[PDB]
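Engineer:
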Amino acid sequence: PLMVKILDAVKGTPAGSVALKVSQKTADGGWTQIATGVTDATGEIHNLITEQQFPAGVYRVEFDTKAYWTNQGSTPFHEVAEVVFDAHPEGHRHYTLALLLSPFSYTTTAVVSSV
Amino acid sequence: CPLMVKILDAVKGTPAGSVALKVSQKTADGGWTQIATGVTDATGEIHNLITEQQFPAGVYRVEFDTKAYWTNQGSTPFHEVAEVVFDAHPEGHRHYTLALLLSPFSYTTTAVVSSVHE
Amino acid sequence: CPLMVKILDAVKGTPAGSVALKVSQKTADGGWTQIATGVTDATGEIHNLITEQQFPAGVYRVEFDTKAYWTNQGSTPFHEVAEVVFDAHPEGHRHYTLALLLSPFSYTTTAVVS
Amino acid sequence: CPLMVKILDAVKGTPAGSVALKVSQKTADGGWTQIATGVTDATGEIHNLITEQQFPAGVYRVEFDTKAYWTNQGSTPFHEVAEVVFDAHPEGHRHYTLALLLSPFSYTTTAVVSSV
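Protein chains in written order, with PDB author numbering: chain C, 11 to 125; chain A, 10 to 127; chain D, 10 to 123; chain B, 10 to 125.
1) With contact counted as at least three CB pairs below 8 angstroms, one residue from each stretch, are the region 62-69 of chain D and the region 83-91 of chain D in contact?
2) Under the three-state reduction of DSSP, which class applies to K21/A: helix, strand or coil?
3) Are the region 43-53 of chain B and the region 14-28 of chain B in contact at 8 angstroms, needing three or more beta carbon pairs?
4) Can you give, in chain order, each stretch of the beta strand (DSSP E) that sits fully within the region 41-88 of chain A and has at least 3 residues?
5) How about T119/D and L110/B: do their beta carbons lie closer than 7 angstroms?
6) With C-beta atoms as the reference, is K35/A less than 7 angstroms away from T46/A?
7) Just curious, the beta strand (DSSP E) that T36/D is in, first and last residue?
8) Can you name the residues of chain C whose CB is closer than 9 angstroms to the CB of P86/A?
9) Can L12/C and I59/C be called in contact, C-beta distance under 7 angstroms?
10) Run through DSSP, which three-state label would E92/B get?
11) Taking DSSP as the reference, what is the three-state secondary structure of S123/B?
12) Between the beta-carbon of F87/D and the beta-carbon of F95/C, is there less than 7 angstroms?
13) My output table needs one value for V14/D: the three-state DSSP class, helix, strand or coil.
14) Report the rounded CA-to-CA distance for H56/D versus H56/C, giving the unit in angstroms.
15) Against chain B, which members of the region 101-117 of chain C pass a CB distance test of less than 7 angstroms?
16) Are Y69/D and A97/D touching if we call contact CB-CB under 7 angstroms?
17) By Cβ distance, which residues of its chain are closer than 6 angstroms to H104/B, with the 5 residues on each side in sequence left out?
18) Do you know offhand how far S33/A's Cα is from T42/A's?
19) Taking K76/B as the reference, which of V121/B, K15/B, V14/B and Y116/B has the closest Cα?
20) Quick one: residues in its chain with C-beta nearer than 7 angstroms to the C-beta of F114/A, no 5 flanking neighbours on either side, listed in chain order?
21) Output yes or no for whether 7 angstroms exceeds the beta carbon distance between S112/C and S84/B.
22) Check for me: the beta strand (DSSP E) holding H104/B runs from which residue to which?
23) What do you get for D38/D, buried or exposed, if any count of 16 or more other CB atoms within 10 angstroms of its CB means buried?
24) Of all the CB atoms in chain A, is at least one closer than 7 angstroms to the CB of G40/D?
25) Counting only Cβ pairs nearer than 7 angstroms, list the residues of chain A close to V20/D.
26) Take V20/D as the anchor and find which of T80/A, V14/A, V28/A and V71/A has the nearest alpha-carbon.
27) Can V14/B and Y78/B be called in contact, C-beta distance under 7 angstroms?
28) Would you mind telling me which residues of chain B sit closer than 7 angstroms to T60/A, beta carbon to beta carbon, in chain order?
29) Can you check DSSP and say which residues form a bridge with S27/A?
30) Identify which residue in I16/A, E61/A and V121/A has its Cα closest to the Cα of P99/A.
31) Does the beta carbon of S124/A sit closer than 7 angstroms to a beta carbon anywhere in chain C?
32) For chain A, check one thing: does any of its Cβ atoms lie closer than 7 angstroms to the Cβ of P11/C?
33) Within its chain, find whatever has a CB closer than 8 angstroms to the CB of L17/C; leave out the 5 residues flanking it on each side and keep chain order.
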């Protein structure tokens, strides 16, 4: 239900080996970690979480973009890239977090399916 | 397919369906010749736009009718068209995906030339 | 003005006015301390957000309340908030401009460091 | 000034200096006529590109030589050129700023319309 697609805007290829963590907002406004992972060579993470593990609520996906740029030989601006959103996964609704990376800029977009 | 597109609507958070586009190749005299037309499906893609034979190295222009798209959505668009002009290097089984992120007053054109990082 | 913002609305093609934001600084023990808050003017900027005195080297977080912006515009947005997190080296009259381009289901954050 | 540009380099985190551009206006037969050329300064801008008299309503094309820009940076660009094509409506003292965010394999073109 949650997918990601990370692209490297310098190389024109997906951003491989990007570390990320998924957190779910708690009642008191805190966070609980539900999953971690690293993108494969296609800039994706398969079976990141499951349907039951992804109920309605506010989620935060943290992408370790600083490490990605360091490993590519660039010095980036951002310490991390965070994507924070309300999820309503009732039925079919799947979420794709697309992320386009440059050393001093990123674009975060979402593709949300209907039912 | 050597040339794919992926168009997204940043207002709705869905792929941009029914976006018309045309692909042209720059000729020897400096002009443009149209080699394909198409319209995106509901996934924001166009399958089998052109074949390998139709896509030798050269300069290509892909023109997307974004103005009509936004007009149909009931919005007010800025651009008359979105144009993506590039020198194609298909050698070494290199395939192109033209990603386009649309907002009425903005678009982002990105190219993906490998399915994997390196 | 060593920390500036420029917020644009990609739907309307105008700066995004009245966007609430807050600036925090990372502290010794890893938490965050809020050092300023503001609301963008009609030009999508906030003048005199912080002073050089308030902006020593360190990690900073600028949180933009984009959800409220879209709700007010009549749009149903994706993000709860837009967060920009970065290490700052202002120690030298070094200017930071955080440019933010907003759409209901997308934003672009870029930095111009002078 | 009715037509301004602002170009940023998303790799370096600075404005993109020395970017060559050409402004053309669409003619009645669907052709183009060149009305101005220029190169961005260190702030990624071009002052006094055209006058209000030279900018009536109509379709304009601004062509940015991004390929040369990236080639000169020692990078490998995707795009052969960046073109921004739009119908200008400057009536009621509306001015345009063409913002352009450049990366070797991606760019973002946005417009800011202001009553200045």
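For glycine and all other residues, C-beta sits at the position ideal for the given N, C-alpha and C.
Structural biologist: Let's see:
1) no
2) coil
3) yes
4) 41-48 and 67-73
5) yes
6) no
7) First-last for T36/D: undefined, no H or E at that position.
8) Residues of chain C passing the Cβ test: none, with the nearest at roughly 18 angstroms.
9) Yes. Within cutoff.
10) strand
11) Strand.
12) yes
13) strand
14) 45 angstroms
15) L110, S112, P113, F114 and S115
16) yes
17) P11, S123 and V125
18) Distance between the alpha carbons of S33/A and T42/A: 5 angstroms.
19) Checked all of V121/B, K15/B, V14/B and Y116/B; the closest Cα to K76/B is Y116/B.
20) Around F114/A, the same chain offers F87 as residues with beta carbons nearer than 7 angstroms, after the five sequence neighbours per side are excluded.
21) no
22) Residues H104 to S112.
23) exposed
24) no
25) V20, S112, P113 and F114
26) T80/A
27) Not a contact, by the Cβ cut-off of 7 angstroms.
28) Under the 7 angstroms cutoff, chain B gives no residues; its nearest Cβ is about 22 angstroms from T60/A.
29) Paired residue(s): none; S27/A is not in a bridge.
30) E61/A
31) Contact of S124/A with chain C is assigned, a C-beta pair being separated by under 7 angstroms.
32) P11/C does not count as touching chain A.
33) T23, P24, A25, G53, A108, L109, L110 and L111
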